[PDB]
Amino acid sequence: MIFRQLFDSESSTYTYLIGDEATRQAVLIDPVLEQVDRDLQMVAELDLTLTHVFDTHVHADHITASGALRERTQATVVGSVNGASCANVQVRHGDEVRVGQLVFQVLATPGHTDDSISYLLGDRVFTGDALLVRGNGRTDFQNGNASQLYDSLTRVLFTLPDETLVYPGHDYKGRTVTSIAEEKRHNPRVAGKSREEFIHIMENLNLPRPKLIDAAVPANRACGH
């Protein structure tokens, strides 16, 4: 497996490039529109071919590049059934997405948004804004739900093996990766917290409205158009 983590300073978004060493097929997870040239340049120079693009959820902080990438490489766009309608492959819990020899298992992890999903790839999982490094995404927009996010964290993600690496969709403090074992112990909002305790925290976070939410959400519904 060929693995590359990409960072977009503007939105603090993590883009993930996973390549299959057999078929040389590559997939970009949560790519950013402004970073299209960077991403494609990395794919080519690593001697891979972009055949898939995954979106963990409809983003409100950046414009997805899935649409722009599909125009350039004819890659398959994958998303939640509750996500962008123009996505070629719409997946739900239990589904699998084949990227060459790579088999991604789809995990439904709503809470941040109702269309939020996670991609399990063996020893690692890409969780988007559901599970972050020592935190989690907000639940006050995009039909978010604190109670639902608690289920996605404790029952869906935390049941994964301890050594499983967690690659989040964002980080604002310079952390690049965490693990399930780490979060089951040191997550300030979930570890030692009940559902009601977790709900009370999220409902009273008092955070400013997402900067690009009124622009990004409609655009990302159309795969960034």
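Counting begins at 1, following the sequence as shown.
Q: As stated in the PDB record, which stretch has the larger average Cα B-factor, 124-132 or 73-81?
A: Higher mean C-alpha B-factor in the PDB entry: 73-81.
Q: Which has the higher mean CA temperature factor in the PDB entry, 22-30 or 62-70?
A: Comparing averages over the C-alpha atoms only gives 62-70.
Q: Using the entry's values, work out which of 191, 42, 160, 36 has the largest Cα B factor.
A: Largest recorded C-alpha B-factor: 191.
Q: Tell me which of 88, 118, 143, 152 tops the list for C-alpha B factor in the record.
A: Highest C-alpha B-factor among the listed residues goes to 143.
Q: Residue 197's Cα B-factor: lowest, middle or highest third of the chain?
A: Top third by C-alpha B-factor.
Q: Among the modelled residues of its chain, does the C-alpha B-factor of residue 6 lie in the lowest, middle or highest third?
A: Ranked within chain, residue 6 CA B lands in the lowest tercile.
Q: By its CA B factor, does residue 148 count among the lowest, middle or highest third of the modelled residues in the chain?
A: Tercile = lowest for this residue's CA B-factor.
Q: Is the Cα B-factor recorded for residue 99 in the lowest, middle or highest third of its chain?
A: Middle third of the chain for residue 99's C-alpha B-factor.
Q: Taking the chain's C-alpha temperature factors as the reference, tell me which third residue 51 falls into: lowest, middle or highest.
A: For residue 51, whose C-alpha B-factor we compare with every modelled residue in the chain, the answer is the highest third.
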